[PDB]
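Below, in structure tokens: the form deposited in one PDB entry, a single chain.
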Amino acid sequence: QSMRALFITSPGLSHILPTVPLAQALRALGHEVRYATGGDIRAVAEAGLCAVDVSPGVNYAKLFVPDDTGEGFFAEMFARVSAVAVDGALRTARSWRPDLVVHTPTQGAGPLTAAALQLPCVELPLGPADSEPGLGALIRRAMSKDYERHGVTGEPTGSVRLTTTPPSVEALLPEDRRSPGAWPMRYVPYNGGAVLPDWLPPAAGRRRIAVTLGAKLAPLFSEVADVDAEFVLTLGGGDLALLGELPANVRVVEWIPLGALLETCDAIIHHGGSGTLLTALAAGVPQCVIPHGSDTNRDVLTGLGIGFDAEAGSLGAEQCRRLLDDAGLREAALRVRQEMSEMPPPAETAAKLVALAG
């Protein structure tokens, strides 16, 4: 009576991580889970899960950009990237016999595999960034050769879309970038496990601001000496760092699960990554994004009034105090948090999927 869920993800760490809670939910229900990916596959292993390398010793760097150095171009790209997974995905699917395929939006091997075995596919995006529906359709198109090679002429049984995006945030998305009929699922931050450091528990009545860029950068810390709060700057992983003199309130740390960190923080400064955004939203903590160029994530902050933009140069004490003191930001943040907590948790969503898969 145990159902089987095959997780076919993009090779990127950031596409894998937000699938983990659901994978763990299914195990917790007594079902079985297996991943079929490449690249950042260790992450699966390191999440107490099992995975098959669909593309052993393949250089993904080259696939995303091969030459010397709109929609149609990126599709073409994702198709190339997905293409190298198709064979393995099918292999493991055929032997392991899943009842259900779970995929990430850009990972074309997923729906392919689903269609081949006449299984339902469950689409799990990393957030509201990759919520473009025509995306999967276009990628399917571009992988025509692969579909044909394996003699996949059918469509998947049923196709469910999940979203971990709360309604208020959803409401502030462009019309074609939103996703009605999608099953809501609570965003449970997963950033990896860890042995937590001693300094983590916060000091008495001492505020804390998390900073995470994910190389020289002294102009921010310069200004931040004036602000009455602890600053925890996180490095990002296998990252080495040379410390000159930093203000006494600035603490530099290698890598720490964000969720764990943000539980102790009163605000966050970051690059604007989806995982970080949602984790911060979940934490109910005002946000400042340091952008670059001229994306959605940033526009959400403004829209919801949970935060703001700040140019890398334009990053001083003024912004930091706004984060800490502007009651408006805090309130709005806690409001989205509450809203997120009202979304069904992965356990609940898992149970629904089981029922879906017969």
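What we label the rigid core is the largest C-alpha set whose atoms superpose within 1.5 Å from one form to the other. Note that residue numbering follows the sequence shown and begins at 1.
Form deposited in another entry: not shown, discussed below.
- Comparing C-alpha positions between the shown form and the other one after a rigid core fit, one residue in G244, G151, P174, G134 moves 2 angstroms or more. It is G244.
- Relative to what is shown, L242 and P201 are farther apart in the other form; their C-alpha atoms differ in spacing by at least 3 Å.
- Between the C-alpha atoms of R42 and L240, a gap widened by no less than 3 Å is obtained in the other form, as opposed to the form on display.
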